[PDB]
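Taking the form deposited in one PDB entry, here's one chain by itself in structure tokens.
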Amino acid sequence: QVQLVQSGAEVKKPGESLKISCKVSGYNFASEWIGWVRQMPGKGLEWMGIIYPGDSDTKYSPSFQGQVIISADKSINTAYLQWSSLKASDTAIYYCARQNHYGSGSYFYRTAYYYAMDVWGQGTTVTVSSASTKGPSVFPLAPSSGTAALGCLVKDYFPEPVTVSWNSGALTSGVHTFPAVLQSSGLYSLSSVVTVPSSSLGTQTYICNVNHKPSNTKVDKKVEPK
């Protein structure tokens, strides 16, 4: 059926330019409005603008007017979103979506003709940071002096993501791995914790297994009480 396919994730430094794409199939690209939606991490949707590839008419939110350009090439069924100069604030996921119409078009489209975004692309992640690729430093979070908590802090890595397992996967019950947080330094960091019986601390060995494929790090850290 209808399908929207967006370009891949992008990692850029502030001041660099960027152009992301959405290629459509399964309908007449030239005769439908298509548009872009931004969703910053943890927050709601922001409508950015739509374009009608037929006559290249564009409608923007004033918040995005002058910051970006929406454009299309009907020759190849592709819609574009571009910045000439990126800011850290532009870090978000960007969705492209067909804005289809529903209804009869009574009174020459002025009543009973509703526009809604019915088909969406998977989204394109854009990370803006001064940081360069960097593997994580892993620090133990040690249990104090009958239930105990320990964990590991995975700090100052870039870009996402890391994967954390405990004792190479044998221990899953009770692990909470928190979502990563971008720090002011432009580097990510998260924590992974686990709760265990206080009795099992002398009798059980606990290891953080951390992988950061983008810098090719595999780390194993024993977390011992003291």
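Basically, rigid core = biggest C-alpha set you can superpose within 1.5 Å across the two forms. Numbers for residues come from their place in the sequence shown, where the first is 1.
The following text describes the form deposited in another entry, which does not appear among the structures shown.
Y109: CA moves 2 Å or more between the shown form and the other one after rigid-core fitting.
Relative to the superposed rigid core, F178 undergoes a CA displacement of at least 2 Å between the shown form and the other one.
Pairwise change in that other deposited form: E10 and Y157 C-alpha atoms lie closer than in the shown form, at least 3 Å.
If you compare C-alpha positions, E46 and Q183 are 3 angstroms or more farther apart in that other deposited form than in the form on display.
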